[PDB]
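Trainee: Structure incoming, see below.
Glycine gets a Cβ as well: all are built from the backbone with ideal geometry, and neighbour counts include every protein chain shown. Each value in this text was obtained by applying a stated rule to the coordinates, not by laboratory testing.
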Protein chains: 2
Amino acid sequence: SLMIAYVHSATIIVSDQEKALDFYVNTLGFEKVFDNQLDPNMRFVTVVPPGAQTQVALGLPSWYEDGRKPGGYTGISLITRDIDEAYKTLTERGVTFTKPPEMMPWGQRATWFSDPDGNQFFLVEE
Amino acid sequence: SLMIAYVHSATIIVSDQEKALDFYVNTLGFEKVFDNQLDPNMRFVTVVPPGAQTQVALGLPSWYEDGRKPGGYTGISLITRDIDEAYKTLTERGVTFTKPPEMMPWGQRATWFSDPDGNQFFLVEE
């Protein structure tokens, strides 16, 4: 056995789990996976790109003791197979991008977008 | 096309990229993927569990302007197929765990462990 099979999930911090679900599911096209009370103070909620392995947990500041809050660079990079389409349709859907897709000096087109809380993702064409 | 196909990577903050590569590769069994000097100040380094899709970027505090430092809860959960063996082996390799694996009230066995910089992961048996 491998020590580690895969990354289950990474976490972002949001201000409202229900509103975040609406955004990730209806705007970004993810699917909800977890939505479970692990205890009375944690509603464990995750979303996943359709058909993908690794999930994103939609956490709250209250989950944590160190003051982590929504907004800023998430350190999460996302892949799309058609960045021109993603940019067009996500812009139509009201997503905030920094600029249109642009060629990076490692040979892939990319841009950045944010969720409603200001969490920023790097979006890269496969 | 999907708006978003999959999560490429999530980022942790380490103190020393070469020491962290040693840990993730030789202690945890990940494989190095990226190791690319994007600019004189940004060495983009990633690791992946063998065979898995989403990577972990081994970032530095210098990557960010917001004062983020190594250590604490990463928000990253990891799956193993044999937690007893992982716990045993990793313990032998000097990894710090909070407790031995135990049954969570959602019906899976899990524990927490730390990398050398104190970054904490939740480890769950598939």
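Trainee: Got a number for residues in the range B:25-57 being touching a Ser or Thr at 6+ places or on another chain (Cβ under 7 Å) and outside any loop (DSSP other than H, G, I, E, B)?
Mentor: Step one: filter the range B:25-57 for residues touching a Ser or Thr at 6+ places or on another chain (Cβ under 7 Å), giving B:33-34, B:41, B:46, B:53-57.
From what is left, the residues that are outside any loop (DSSP other than H, G, I, E, B) are B:33-34, B:46, B:55-57.
Looking only at that region, the number is 6.
Trainee: If I ask for residues that are under 21 Å from A:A57 (Cβ atoms) and more than 7 Å from every other protein chain (Cβ to nearest Cβ), which ones from the range B:46-55 would you list? Write out each step before concluding.
Mentor: So in the range B:46-55, the residues under 21 Å from A:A57 (Cβ atoms) come out as B:46-49, B:52-55.
Hits for the range B:46-55 are B:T46, B:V47, B:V48, B:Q55.
For (1) within 10 Å of chain A (Cβ to nearest Cβ); (2) more than 20 Å from A:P105 (Cβ to Cβ); (3) out of contact with any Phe, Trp or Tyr (no Cβ under 9 Å at 6 or more places or on another chain), each residue gets a yes or a no:
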residue: B:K19; (1), (2), (3): no, yes, yes
residue: B:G29; (1), (2), (3): yes, yes, yes
residue: B:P40; (1), (2), (3): no, no, yes
residue: B:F44; (1), (2), (3): yes, no, no
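Trainee: Need a quick list: strands (runs of 3 or more DSSP E) entirely within the range B:59-126 having at least 2 residues that are among the aromatic types (F, W, Y). Give the derivation first.
Mentor: Working: elements: B:72-80, B:109-114, B:119-125.
Strands (runs of 3 or more DSSP E) meeting the threshold: B:109-114, B:119-125.
Trainee: With respect to A:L21, determine if the residue is within 26 Å of B:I79 (Cβ to Cβ) and either in a strand (DSSP E or B) or hydroxyl-bearing (S, T, Y) (or both).
Mentor: Numbers: within 26 Å of B:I79 (Cβ to Cβ): yes; either in a strand (DSSP E or B) or hydroxyl-bearing (S, T, Y) (or both): no.
Answer is no for this residue.
Trainee: Do you know which residues across the range B:93-126 are of a type in the set (G, A, S) and within 11 Å of chain A (Cβ to nearest Cβ)? Don't jump to the end; show me each part of the working.
Mentor: Kept after step one, since they are of a type in the set (G, A, S), are these residues of the range B:93-126: B:94, B:107, B:110, B:114, B:118.
Within the range B:93-126, just B:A110 meets the criteria.
Trainee: Right, next: When only residues in the range B:67-92 that are among the acidic types (D, E) and more than 7 Å from every other protein chain (Cβ to nearest Cβ) count, which is nearest to A:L58 (Cα to Cα)?
Mentor: Start the filter on the range B:67-92 by keeping residues that are among the acidic types (D, E), which leaves B:82, B:84-85, B:92.
Narrowing further to those that are more than 7 Å from every other protein chain (Cβ to nearest Cβ): B:84, B:92.
Values: B:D84: 29, B:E92: 34 Å.
Top of the filtered list is B:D84.
Trainee: Shifting gears a bit: Could you please find all residues in the range B:17-52 being more than 14 Å from the chain's Cα centre (by Cα) and not aromatic (F, W, Y)? Outline the logic, then answer.
Mentor: We begin by selecting, within the range B:17-52, every residue more than 14 Å from the chain's Cα centre (by Cα); these are B:18, B:34-44, B:51.
If the condition is that a residue be more than 14 Å from the chain's Cα centre (by Cα) and not aromatic (F, W, Y), then B:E18, B:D35, B:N36, B:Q37, B:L38, B:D39, B:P40, B:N41, B:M42, B:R43, B:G51 are the ones that fit.
Trainee: Looking at the range A:35-73, which of the residues that are in contact with an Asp or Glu (Cβ under 7 Å, 6 or more places away or on another chain) and hydrophobic (A, V, I, L, M, F, W, C) is surrounded by the fewest Cβ atoms within 10 Å (Cβ to Cβ)?
Mentor: Looking at the filtered set, the residue picked out is A:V48.
Trainee: Filter the range A:17-45 down to residues that are under 24 Å from B:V56 (Cβ atoms) and of a type in the set (D, E), then give me how many there are.
Mentor: Adding up the residues that qualify gives 1.
Trainee: Any residue in the range B:83-94 that is among the β-branched types (V, I, T) and under 20 Å from B:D16 (Cα atoms)? Steps first, answer last, please.
Mentor: Kept after step one, since they are among the β-branched types (V, I, T), are these residues of the range B:83-94: B:83, B:89, B:91.
Narrowing further to those that are under 20 Å from B:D16 (Cα atoms): none.
There is no residue in the range B:83-94 that is among the β-branched types (V, I, T) and under 20 Å from B:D16 (Cα atoms).
Trainee: Residue by residue through the range A:23-39, note down the ones that are under 14 Å from A:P50 (Cβ atoms) and without any contact (Cβ under 8 Å) to a residue 24 or more places away in the chain.
Mentor: Hits for the range A:23-39 are A:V25, A:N26, A:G29, A:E31, A:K32, A:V33.
Trainee: Can I ask one more? Of the residues that sit in the range B:1-17 and are within 12 Å of chain A (Cβ to nearest Cβ) and among the hydroxyl-bearing types (S, T, Y), which one is surrounded by the most Cβ atoms within 10 Å (Cβ to Cβ)?
Mentor: Looking at the filtered set, the residue picked out is B:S9.
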